[PDB]
Structures are given as C-alpha cells and as structure tokens.
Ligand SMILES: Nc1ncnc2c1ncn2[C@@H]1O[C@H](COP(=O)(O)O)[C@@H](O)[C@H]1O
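Quick heads-up: it's one chain on its own, the form solved without the ligand, in structure tokens.
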C-alpha cells in the first residue's frame, strides 16, 4: 500500500473542496535551525501535496510557512509565535501530511488492518469549534487523492454524527480538549500511535481553562513521549505558563517569532474603575446600556449565589440574559450555553470555575463584576475577548477588596500599554 501515489481523482469532490482564491521580520532561536525556504518546491513534499497546493491556487508560502515548514520536515519540535491570519494552519498541516505520505501508516496500523476504536497518527488541538472546523476543512483540501482521512470532534448538536465519522476511519484528528478527553474515556480514541501533536492557539486554550485536559491528553495517557512524537505549539503570545508548557511538551525545540511578540494581548482594551459593592449593579446597568447589537457579554462573579442574585436582577430589569453556575442542573447549563452562543441571551453571568472548559467563543465584552485574587486568573478571563481583527473590551470593578492584586494589576496595564487609573498607582 503506497501512501505517496495519489488515488484516482473525483471531479465531484474537487469542485466541493477548491472553489476559492509580506515581509514580516522573523526571528528563530534554537540549536541547528534548518534554513527557511522561499518556495514550496524547495523541499520535496511529494506528488500529493504539490498537486493539492496547485488546486488551492495559493502558491507563495507565507513568512511563517517559510520557516516552520522546513523545521517540521526535518523532524524538529517547533514553538512558533504567530498571529491568527499568518497561515499557521498550512504551516503545520503541509509538512505533517507530506511525511505521512512517505512513511505510510506505520507498522502498528498496518498490522491492525487484518464501534471500532480509532488510533490517529496526528492530533491537532484547538480551543474553539470555529477554529477546529477551519483546521479540519484545510486538512480535507490537503488530503485529497490521499489515503489519510481527517476527522473533527467539537461537540454541539451533531456530536452523534461526529462520533460516526470517527468510526469510518481517522488518521488525523482535530479536536477541542474537553471533547477529546470524553472521546477517550468512552473508548473511541486511542493515542498509542500518535506521531504528530499540534497545539494551535495554545495561549487561548489555557485562557479557556483547558490545561488539565491538555496535560491529561498529552502526559497522563498512552501518547508517545517527546523525542518519539513530533510536537508543534502555535501561540500569539508567550507568557510564563506557555513557556512552562513548551518546556514540558517540546524536546530541543526551535523558537519562531513572527512579528512583534509579547506576553500580553495587544488586542484588548482594559478599563479599571473604582466601584463600591452596593454600586456595582447600577454601574453594570450603565455598561450594558452602552452595549451595541449582537455583542456577546460575559460577566464574571465570585460565587454561585452571586451569579444567582445577579441574573435575577438583570432579567427583572428587562435584559435578555442567562447564567451558568454550580447550583444549576446539567440540562439548564447546556441550554444557557446554547442561548448565549445563538445570541438569544447575549449576556452570560457565570463564575470563572463554571466557565472553564466550556465551548464559549466570540465574546466581545468581558466584565469582571468581581475581581479574582490572582493576576494569573485575571489574564485568563480577559483572554476570552479580543481577536486579530476585532478589539475586545475588558472592564473590571475594583474596590478595597482587591488591594492584594493592586501592584500586579498595575504592572500588567503598563506592559499592555493600557490606560492606568491615576489612583491605582497610589495604593
């Protein structure tokens, strides 16, 4: 079974997949970095990949593709810092799929050929359903006329059909961490033969609360260790927790910096206002009355009974809202999520612990009704808003109960080049 020979073409499938169609400074750091290429033909990618690249009508490799692709093709771990929209997806999908076409399905899967559990060769983790579907559809384009079969698992109403497509064969799996863990405990996915692990938008994944699930997938199961598996991490920022995750997950990696890379999100506006406890409700009402149309707002409160009280207050003032917290049943929490995702209830009151690991995406305004006691968790909360194109907003209510975080909060506002309240510097 030759996995480099392209299968016969399907003119029907071609029309479905292919119907569409500069010098950012790059800094590489590491031991013996393979040199960047200038065109896709500068590396033998194979008959299948070259043929699919021509079908996508995209022939000039992006800067991040110029450096990341030869690093992966030389079986080297990669920690790349690039913003969403630079071509990260193809940068890891193309060399991974090219090597699988040369190596074949390995000896383990070949022996196993003679509800069926699937053992993917490549695992790609993503924070959101939106990005998971995007990576999946690109993988379909680059596995055309190939024997590699990609799948995606991201939950939602059609998770039953996603479990189905798994059982039709899966060599490359795109998933969000929480649903992948569920697939693993249900005996539908095994990682014993995963040779390629990709963590895309890893800073966002940790912001959404997925780190326990990710370390469960990567360290506490049957995935081959670093030095056997080839691992790639992409992340727009490089904070200390991403440093530590790279150090744990990567083996003698190359660090790639596309553009001005920092540790804060340069796509978030942070407003900190002093609000006493008894004034927080009136202040929130003023913020919400400035909220536009189709604007998903996430309000963090400290306790379940606080999310309890606030949602009751907001609904009786006429606001379309919902709440997720521990004192609500499972079914009520899944419906709260759907109404938030659909925009029927665009204001979601939640405790931070209840929102961790939930399919919450496209948040435009993060409101810290109550602030946390760690600057680490604060960074996590506001990371739920902001994107490469849209500037997110993070408003926080601050009073005497938050003097512990004063110094850390001021240092973060200055580093992010945000407005610093003149009072904050004094306490």
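Numbering follows the first chain given and starts at 1.
J.: So residue 21 and residue 22 are neighbours in the shown sequence, but is anything from the deposited sequence left out between them? Give the count as none, 1 to 3, 4 to 9, or 10 or more.
T.: Unmodelled stretch: 4 to 9 residues.
J.: Per the entry, how many residues of the deposited chain go unmodelled between residue 114 and residue 115: none, 1 to 3, 4 to 9, or 10 or more?
T.: Per the deposited record, the segment joining residue 114 and residue 115 lacks coordinates for 4 to 9 residues.
J.: Would 180 to 188 or 290 to 298 have the larger average of its C-alpha temperature factors, as given in the entry?
T.: Averaged over C-alpha atoms, the B-factors run higher in 290 to 298.
J.: Look over 265 to 273 and 280 to 288 in the entry and identify the one with the greater average Cα temperature factor.
T.: Mean CA B-factor is higher for 265 to 273.
J.: Can you tell me which of 155, 169, 105, 357 has the maximum CA B-factor listed in the PDB entry?
T.: Comparing C-alpha B-factors across 155, 169, 105, 357, the maximum falls on 105.
J.: Could you tell me which one of 204, 260, 195, 304 shows the highest CA temperature factor in the PDB record?
T.: The record points to 260.
J.: Going by the entry, which third of its chain does the Cα temperature factor of residue 377 land in?
T.: Residue 377: CA B-factor falls in the lowest third of its chain.
J.: Going by the recorded CA B-factors, say which third of the chain residue 249 sits in, lowest, middle or highest.
T.: It falls in the middle third of the chain.
J.: Going by the recorded CA B-factors, say which third of the chain residue 133 sits in, lowest, middle or highest.
T.: Ranked within chain, residue 133 CA B lands in the lowest tercile.
J.: In terms of the chain's CA B-factor thirds, is residue 336 lowest, middle or highest?
T.: According to the entry, residue 336 has a C-alpha B-factor in the chain's middle third.
J.: Which third, lowest, middle or highest, does the C-alpha temperature factor of residue 110 belong to within its own chain?
T.: Highest third, going by the recorded CA B-factors of the chain.
Same protein, other form: the form solved in complex with the ligand, not shown, and the subject of what follows.
J.: Which of these residues, 361, 402, 62, 395, gets a heavy atom within 4.5 Å of the ligand in the deposited complex?
T.: Residue within 4.5 Å of the partner: 62.
J.: Of the options 322, 176, 146, 89, which one has a non-hydrogen atom that comes within 4.5 Å of the ligand in the deposited complex?
T.: So the residue touching the ligand in the deposited complex, by this definition, is 89.
J.: Within 4.5 angstroms, counting heavy atoms, which one of the listed stretches 237 to 245, 207 to 215, 162 to 170, 77 to 85 is next to the ligand in the deposited complex?
T.: That would be 77 to 85.
J.: Please state whether all three residues 40, 58 and 138 have a non-hydrogen atom within 4.5 angstroms of the ligand in the deposited complex.
T.: Each of the three qualifies.
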